[PDB]
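[1] need a 3D model of the following:
(4 chains)
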Amino acid sequence: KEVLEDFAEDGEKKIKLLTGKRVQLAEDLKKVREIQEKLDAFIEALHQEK
Amino acid sequence: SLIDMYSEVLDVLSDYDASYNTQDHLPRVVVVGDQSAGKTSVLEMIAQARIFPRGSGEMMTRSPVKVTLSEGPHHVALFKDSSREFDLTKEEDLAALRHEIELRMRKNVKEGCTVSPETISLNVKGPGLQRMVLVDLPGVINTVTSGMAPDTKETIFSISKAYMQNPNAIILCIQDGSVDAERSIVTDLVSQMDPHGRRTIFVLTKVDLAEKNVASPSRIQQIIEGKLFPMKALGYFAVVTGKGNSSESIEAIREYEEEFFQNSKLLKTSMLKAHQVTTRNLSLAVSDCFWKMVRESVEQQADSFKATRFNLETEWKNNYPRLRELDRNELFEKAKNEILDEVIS
Amino acid sequence: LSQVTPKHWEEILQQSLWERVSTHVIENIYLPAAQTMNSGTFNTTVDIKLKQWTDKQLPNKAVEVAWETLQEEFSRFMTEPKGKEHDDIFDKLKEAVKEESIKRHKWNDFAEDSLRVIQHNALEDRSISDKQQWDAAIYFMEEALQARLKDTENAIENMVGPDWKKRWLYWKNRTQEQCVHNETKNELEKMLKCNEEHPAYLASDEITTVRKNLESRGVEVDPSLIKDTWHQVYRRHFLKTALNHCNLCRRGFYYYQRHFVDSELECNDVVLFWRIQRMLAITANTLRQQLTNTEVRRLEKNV
Amino acid sequence: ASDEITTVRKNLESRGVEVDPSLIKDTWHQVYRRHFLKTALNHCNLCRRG
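    Numbers count the residues shown, from 1 in each chain, chains lettered A, B, ... in the order given. Right below this line is the structure:
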């Protein structure tokens, strides 16, 4: 439990340890989806003003 | 409002894509100015608040600032990394904000340099403000200051070129009306980098000082009508940044500029078009053109992002159909639970 | 013209559409994706290519193919000679009206948009519930592969010539360049035999090695010629490898029925071809119905 | 030459043998010396009646 808490507080160690196709795919999908959601909100709000 | 989301999208795009592969697909406003050319005054006039540090001829802008103007209940400025609100309606808070911005400029400076290439995103809210994103850049110096790094001029040029790399970026050149176009290199660089002129906009400062200097009307008319300059831009505008004092209020400068142009003999003689002057006309034209380009670009980007996300999802199904996508934190939680299970086993 | 059995229309439409797009599908999509040994990456590339092509190019080709087939039947019937009883005075008028009618022809604009979604959902399926469908896809793949293989053999034969046994029977002698190509073929044969999973692309040091062995035979060959011969040899080898895969995948339906993903007999190509064949059948039927109903009224109006 | 080593190494891999370039160079030196000596011996036979 002590080791896990120390590892949790250090994200850099996680990045070095977590390297894989599954990890990168999940991270990229999260970032792309987050950007897309912001774009949808921006477009809808822009078009609803008029 | 809308521009707040657009500014946020640009910030996340820069973080997600370090390179300009995707950042070069959206319109942007690029501002380049010389030393003591009134670039800070013009940016302050558009923002309707003096938020940048002022110095007696010294380039206080030691780091680029991404100033965003949006719609808000009160005229306040908020940092991206800090939630401490600063009220621009009070002069005391304005002075504190200027000191905070200068402190941030010095903190971001790396070792061995004087001007850092990092850009700080600042959201300046206010009722009735134009919905657009502005970029502040250090002034171009003909002679390198002894107190600055030898590559400060090169860094400023590189930052301006990187910003201008976007084919949809709008160029906003700022110079001095008392200096001829042949004595400044910035105007030559702007013309060279935009042979078409489909997005170049030129802003001339200290027009009142130039008029008080008995400037030739032919040169002013040619600059405004795009005759002397070989490049053919969409249009040219002239604004007055006051008498040059670093303590003059924005409201007094704007009122004086309007009165000066109303009583100016050049405008009443029809030498210069009445809609080619004042900051209000320039701001409205820039905002409408920038917004229309943004609308078209964002539609294309949204479709491309949806298709790209679909490809990533399809790859996930093909490779890992019976698994669930989790972020770095969730994977850590799953890994530790498996460890505890093995301990029990 | 509307009194023809629907089966005849479907057969003509299916064959014409398939041959119109077979070259583009195989060369521009199948070949680039088949290079990778990773099934997941292979499938992902195929799906991305399919979406890009279907959303913009597929409806245009389908409309042109369907209109061309209608033109063939219509124009022929205008000019079918009914033996010695055929009249010739009306032929001139028939041709004049036919040309004017063709110019005024205009296909429905909404058909392209509707069909885009129709075939998109049809191709999205990835499950073959019928044993006979799996066998039909194998046969369809074999016919397509054999046609491409025959073209590859013709190009190879042109560059090299007949076998020494055959050339002796026909009394034909190979040219000096033809013999040079034959020696290069033997070198590529040994290279491919040693490395059965060699990448399609080439490297400069590989050319050097091959050229040295040619000099050992007293033959000087430019690197450009070696690259061209290697491309043809690799294409022929890959087609033969696919044929062997088809033989192995012939009895692989039972393994696929249990979702034996761990099994190395991942007949991804058979599934993809089955999707194409199913899509063609749906497209042929849909075009036949549209031809029989949608465009008949427009033809009558223009006449 | 380096490309000669590559060719030789590839033919060794075709036989399922991996050999470092240093070993190939050493073997080539000994082989060339033996070949040259045999060539000189043949030259002596030709030069016997010369």
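[2] got the contact list for the residue in the stretch 51-200 of chain B that chain A sits nearest to?
    Nearest to chain A, among the residues of the stretch 51-200 of chain B, is residue B:131, at 9.8 Å (Cβ to the nearest Cβ). Yep, even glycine has a C-beta here, placed from its N, CA and C like the rest. Residues near residue B:131 by Cβ atoms under 8 Å, 6 or more residues apart in numbering or on different chains: B:1-3, B:69-71, B:287, B:291.
[3] mind telling me what element residue B:112 is part of?
    If you go by DSSP states H and E, residue B:112 is not part of any helix or strand.
[4] how close does the nearest residue to it once chain neighbours are set aside get to chain D?
    Distances taken as Cβ to Cβ, 6 or more residues apart in numbering or on different chains put residue B:149 closest to residue B:112, at 7.2 Å, once the chain neighbours are dropped. Computed with Cβ to the nearest Cβ, to the nearest Å, the distance linking residue B:149 and chain D is 46 Å.
[5] how many neighbouring residues does residue B:149 have?
    Neighbour count for residue B:149, taken as other Cβ atoms under 10 Å in any protein chain shown: 15.
[6] just say helix, strand or coil for it.
    Residue B:149 falls in the coil class when you classify it by DSSP: H, G, I helix; E, B strand; the rest coil.
[7] quick one: contacts for it?
    Applying Cβ under 8 Å, 6+ apart, we find residue B:149 in contact with B:112-115, B:155.
[8] interface residues of chain C facing chain D?
    Contact residues, chain C versus chain D (Cβ under 8 Å from any Cβ of the partner chain): C:190, C:194-195, C:205, C:208-209, C:212-213.
[9] redo that, cut-off 6 Å
    C:194, C:205, C:208-209, C:212 (Cβ under 6 Å from any Cβ of the partner chain).
[10] would you reformat these as CSV and include neighbour count, distance to chain B and secondary structure?
    Formatted as CSV, these follow (neighbours: other Cβ atoms under 10 Å in any protein chain shown; distance: Cβ to the nearest Cβ, whole Å; DSSP: H, G, I helix; E, B strand; the rest coil):
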residue, neighbour count, distance to chain B, secondary structure
C:194, 14, 31, helix
C:205, 14, 33, helix
C:208, 16, 37, helix
C:209, 20, 37, helix
C:212, 12, 43, helix
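[11] against residue D:15, how distant is residue C:55?
    Distance of residue C:55 to residue D:15, given as Cβ to Cβ, to the nearest Å: 52 Å.
[12] actually residue C:290, not the one I typed
    Separation of residue C:290 from residue D:15 (Cβ to Cβ) stands at 63 Å.
[13] can you check residue B:231 too?
    In this view, residue B:231 and residue D:15 are 69 Å apart by Cβ to Cβ.
[14] and the residue nearest the centre of chain B, what is it in contact with?
    Centroid-nearest residue in chain B, with Cα atoms, centre = their mean: residue B:135, separated by 1.5 Å. With contacts defined as Cβ atoms under 6 Å, 6 or more residues apart in numbering or on different chains, residue B:135 is in contact with B:29-31, B:66.
[15] now name the helix or strand holding the nearest residue to residue C:33 once chain neighbours are set aside.
    Spatially, and ignoring its direct neighbours in sequence, residue C:33 is nearest to residue C:45 (4.2 Å; Cβ to Cβ, 6+ apart). If you go by DSSP H and E, residue C:45 is part of helix C:39-56.
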